[PDB]
């Protein structure tokens, strides 16, 4: 029964404003820098842009600690700039999604400033304030960003709750006044015409009644305890009923800490909650659930089995986003491909083909379209992210893990690998800034930059452009049902996308050797749609493919 919508068949691009384009030489990207480059994104073929938080913030967590929801970040520009970004996008038929961060505010936000003044302030129970127990915190909750999730306040002697930085106190959603104020805030932005909202850590809004301690076992996977709040779907559905269902918008849910088997309740269209699932299963398939900075080896069979299970779980009534990287994860060509110079461009084109042939709304993160890589961080001070500093404090400063072993993992897992500034050209600081970038630019910018690619028809950029054109032209690549040809194959990832008689096959060789691959059953090729790194001709009725290393392709199959 499912209906097409613009957001199901959109190709989104994600801009992290702080690292996209600086137009005033302070080293920090800003809104004018986005506006300046809308034609570049239109040329790529992007339907909609999701921007990370753009609100007044002290930047403990680069926009995710909001000091005033109705004001533009000072480093990003003014309200007039933000309105111009909407206006200039609208002229180009591009839709804007903004990031909604309402699990918590900055500890500088006026509500918290008031809350913390005494048990008595009308804003006290806007946040969570509990007595200590035995001269320590109210319970054994840890924070995602290091140490205890409870911060002592010497004035009152109680502690306040912060799942994330102590500068990110959690809002009390159990207070209907808090929920009402947040809805008013959402209407202020929605009335400006924004087309989409992405809800940061949407699954933590409901806290566990009476805050009991976590078990020893729970402490090793605590995020999954924080998403078990008994009213979470009541609150998300109330927000849908009172606000979301009043605008023509697309809503995405970042369901951090939600196991896949509890995800469909946020996205089933019958439930009137949210529209698009942002899950962590694939992008962190190789991350430890306890030591969340640690990675382990992974295989293509592990990867594809997660793709399939994520696809199955959305089923008839939910809907997924699909992304291999974003501002919270290492770059896709490094993590999932081979970023050495022999292979980088082929592997980036193969992961683009994978991304843009999923039954999901694809999100392209800034710079993935050039094949940008992870950055060669050497020492702990080369990073800037609050989260990596919290993991260092919890695991290296306690002597639990050697500094060098920790660094070998966070070089591969740090959020900062995707935050080095966008590589526009081969000029100084890759054309990102006339001043000093806030985070050092990868020296590979001389090889990997947009200017070198945009007019080269063989570039990663133009392969993405072609794939997006192909996706927009073939309905089965958006809405077709997905079948993995062999979930246990660790060499060649092959799967079909089917709408009625229209059946297409995607084949990607993840090996760096030639692989012969014979199709199953009676499948045979009707025609080639696109290939990268092919050295062979594929004809009507062919049943076998010779795949060069990192070869990728889309084919239409015979009925």
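Numbering follows the first chain given and starts at 1.
Got a sec? Mean C-alpha B-factor, which is higher, 239-247 or 414-422? Taking the mean B-factor of the alpha carbons in each, 239-247 is higher.
Regarding 75-83 and 333-341, which shows the higher C-alpha temperature factor on average in the entry? Between 333-341 and 75-83, it is 75-83 that shows the higher mean C-alpha B-factor.
Member of 327, 304, 90, 466 with the greatest C-alpha B factor (per the PDB record): Highest CA B-factor of the listed options: 90.
Looking at 309, 95, 346, 155, which has the highest Cα B-factor in the entry? Most elevated C-alpha B-factor of the set, per the entry: 155.
Split into thirds by Cα B-factor across the chain's modelled residues, where does residue 490 land: lowest, middle or highest? Answer is lowest: the recorded C-alpha B-factor places it there.
Relative to the other modelled residues of the same chain, rank the CA B-factor of residue 270 and answer lowest, middle or highest third. Highest third, going by the recorded CA B-factors of the chain.
Residue 368 - Cα temperature factor, lowest/middle/highest third of chain: Answer is lowest: the recorded C-alpha B-factor places it there.
Within this chain, which third does the Cα B-factor at residue 48 fall in: lowest, middle or highest? It belongs to the lowest third of the chain when residues are ordered by C-alpha B-factor.
Would you mind ranking residue 285 by its C-alpha B-factor against the rest of the chain and naming the third, lowest, middle or highest? Residue 285: CA B-factor falls in the lowest third of its chain.
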